[PDB]
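Subsequent text provides structure tokens for two forms of one protein chain, presented individually as structure 1 and structure 2.
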Structure 1
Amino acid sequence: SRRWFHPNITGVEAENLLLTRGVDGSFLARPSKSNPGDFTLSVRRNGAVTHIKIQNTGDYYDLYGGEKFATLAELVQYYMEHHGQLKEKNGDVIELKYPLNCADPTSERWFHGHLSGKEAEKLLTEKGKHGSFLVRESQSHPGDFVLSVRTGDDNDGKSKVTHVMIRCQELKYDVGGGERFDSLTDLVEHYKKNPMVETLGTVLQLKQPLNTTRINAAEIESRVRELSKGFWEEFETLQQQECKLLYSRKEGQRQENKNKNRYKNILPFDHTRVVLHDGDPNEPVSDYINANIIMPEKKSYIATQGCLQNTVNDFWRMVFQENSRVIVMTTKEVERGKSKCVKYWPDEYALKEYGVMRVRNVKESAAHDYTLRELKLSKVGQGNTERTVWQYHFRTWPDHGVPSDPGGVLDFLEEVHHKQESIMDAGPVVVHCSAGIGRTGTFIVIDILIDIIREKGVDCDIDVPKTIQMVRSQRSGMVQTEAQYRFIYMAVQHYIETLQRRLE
């Protein structure tokens, strides 16, 4: 199932759904629209419904009486495979067996709701390609829908748009004959696999949804104005796409690696993890760190967690191996009395060994939002391996939520960018917070977006959710909250405007 999340259901509607359409073991997840970052896992157990709270303030999903997760899709996958592990306050096991699917099409990229045939034709003509499609409400026939699909070659009649009426009869959907579907999703998925064929032979291939999120960067202020009503719905549509990203994380799951993870279920994807070479021959598994390469698709990044006492040496092995010259830390060492990252650097003017690596803290420079530490890193016994590593430690990020103004973050990122650009052949920029997905993902996505604008100027295309999805395919849960999502838009808006004012 990819439809266990119900975006627009109340608690009462969720109970009644589970009691009338589910059985024991049935479950769904849903947001709170009144509360930032609050979610509920509603589960049927012994003919009654229990509601389990999941909180996210920006670092991870924290399931009450369970574990911490990078995404709700990863949470659901974990518990569907690990019975006995989800427990009530009194210790009673809550079983997740039967996802209860949602018919609401608003989480789907192809759903445009209120939209005329003329508007759909103009959007498909201007932005669409062969096989671009969308579903919209009927204006002629209230309660029905229309599927609109561009087919063609790459305006000379070589391409066209076809509209296919979708009747809704007794809460089922059909295209005039054949199967009646329980939701628009089931209908679209069926006709994605078994495309409709016209009388004269055109195959109405449903290849990709119409893109609605790519904007010109100089239009950012008007997109932000529209989304400030709109952000909630755009974020939901992005979040649905996390169900495509359940990539393997087998290395992080090995016994030998379990205690190298800050959180046991927040793990790097095997396909993009940083593999550590040249390890201690006496250490059976020496290749593992909870870190992934993030390559935008000109810098690359390593996204990683805050060090644990037993991973400081591995952190420095990573930095040295990848030739990283800039570290971005976006947590204090301690927040709300809890350790978010061990101090992995020496005191100012001090020299420390961290296994085979030696680090000197040459000088610290305090700015209003950050401290810069000029570090010198070398392998013990090999003096000519010394290189400067500049650690940019952002210190004023709030304990929960996001900054109210993106100015401090943008000034910090500009400085980080310029430092990186000044070092010939520097490796990826290391970015870390606590779990290395929320703040870390936010800083990385802002940096990627501003980088496009920095090179191409104010008149270039950007697509915030497409960029986030691309980063999320390389490390689980990059960008955690709707507040961080809005902050990314705000930061990009503020960056654009500061370029425009320089020209005045």
Structure 2
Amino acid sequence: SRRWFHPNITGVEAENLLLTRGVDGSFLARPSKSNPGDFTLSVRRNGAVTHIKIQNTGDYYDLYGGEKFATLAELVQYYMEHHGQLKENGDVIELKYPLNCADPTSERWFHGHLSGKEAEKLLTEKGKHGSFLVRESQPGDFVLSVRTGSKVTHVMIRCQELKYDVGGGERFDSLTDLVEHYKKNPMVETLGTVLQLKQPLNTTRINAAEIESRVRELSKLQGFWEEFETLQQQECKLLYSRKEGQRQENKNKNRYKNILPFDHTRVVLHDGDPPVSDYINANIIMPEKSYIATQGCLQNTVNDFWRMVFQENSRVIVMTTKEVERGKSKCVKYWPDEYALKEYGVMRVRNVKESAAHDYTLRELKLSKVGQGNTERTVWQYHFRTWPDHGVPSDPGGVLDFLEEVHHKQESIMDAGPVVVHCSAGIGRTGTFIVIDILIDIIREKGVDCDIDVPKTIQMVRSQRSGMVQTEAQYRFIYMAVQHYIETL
């Protein structure tokens, strides 16, 4: 669960909640009111509340006095498990008890103000057996609207003295507690119909041709913020093991110690110099053309990077960062100078030719294994150089033109392995490019008359690598990129 996340509270409201309803070690996370885009970790320690800043410009969640994380749920899981790791004056702050939110806003099934006719319309067009939703009455009360078979049933939810009930039995502290209770224990109608709450009603799948319509509606005060926070709440489902990236020998192979690859999707390296030679902070991304999502090379991982590219038969690399951003190294130069030949362990690379375009540089690389001439293949490195240091480009035209070229290159190469995509941590810009590429590929094959579901695509990608698509800004950029691609069709 992710109930410690309160989406609509102020700092003073946060302070009051921890002072009146919490104890020492009680905490909550919330979006920052003083700096929208940021987050605040509010912790009760010695009868007092501390407000700690969490930053995200698009690469990772950066906790002040803490570490860099892929998701807020990964951050909370780590600190609830590892005490002594979080400091203010250098004093330790412990996350012991999550203070739960009762707010139903970011639940997939909450529709707020919605008619009984409209709820019936939606459950008929998009609903299947067991599809449900929770909307407001119609006053101060709520309505649960289920589909079965086929019919639609309306169950009235009473709100009596800040608790919720279906007209008898238990009284719940939140609509979420009620929904979970009747999801587990389904209500039986007198004539024996089981009102099974199987899955929430889909509210995000749109027909591609109607992108402009939904973008216009999501731009209204914002709807994009609401849609994104509903996706963020689903991240609690994605805390898969990242045990390999934790091994003593693998520690220094990570750019960010706590941003790790899922064990089930990580790229396992097989070249193996005959002890622990099978690790790279990289994951295979499969839609539903594959990708490898990875971090910017470290001086000690360059050789491993080339072993991965060789093993996977990848012929295209998408670099989405400058080597150095804001005076900080984001990726080491893992390729030779133009016309030069370098050996990276057992792997040999020649930089045949570089071509400078407006937003990017193309490098034609020749990769082979040392002592085996019949292993040579061309690797095309597309280096996007103009992405802003913070946030996203103000227009998607540059990214789209670039992705078009990457796609046509990859498509011209017979039996080419997955496309390699990296930035610094390999989750934000990497996640964004991969998702846009996946969505635009659906529109390539099936045309403007196709269903696209942006947060479902992101969720699918996030189960293969942690925190793929970091910010609400990148989320809005994925919509704008797809809108512009459809407009030029």
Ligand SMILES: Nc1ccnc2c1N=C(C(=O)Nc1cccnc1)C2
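Heads up, when I say rigid core I mean the largest set of C-alphas that superpose within 1.5 Å between the two forms. The first residue in the sequence of structure 1 is number 1, and each one after it adds one. Only residues modelled in both forms are compared.
Of the two forms shown, the one deposited without the named molecule is structure 2, not structure 1. In the core-superposed comparison between structure 1 and structure 2, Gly65 has its Cα shifted by less than 2 Å. Once the cores line up, the CA of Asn35 ends up 2 angstroms or more apart between structure 1 and structure 2. In the core-superposed comparison between structure 1 and structure 2, the CA atom of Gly457 travels 1.0 Å. Shifted region between structure 1 and structure 2 (3+ consecutive residues, every CA moving 2 Å or more on the core fit): 33 to 37 alone.
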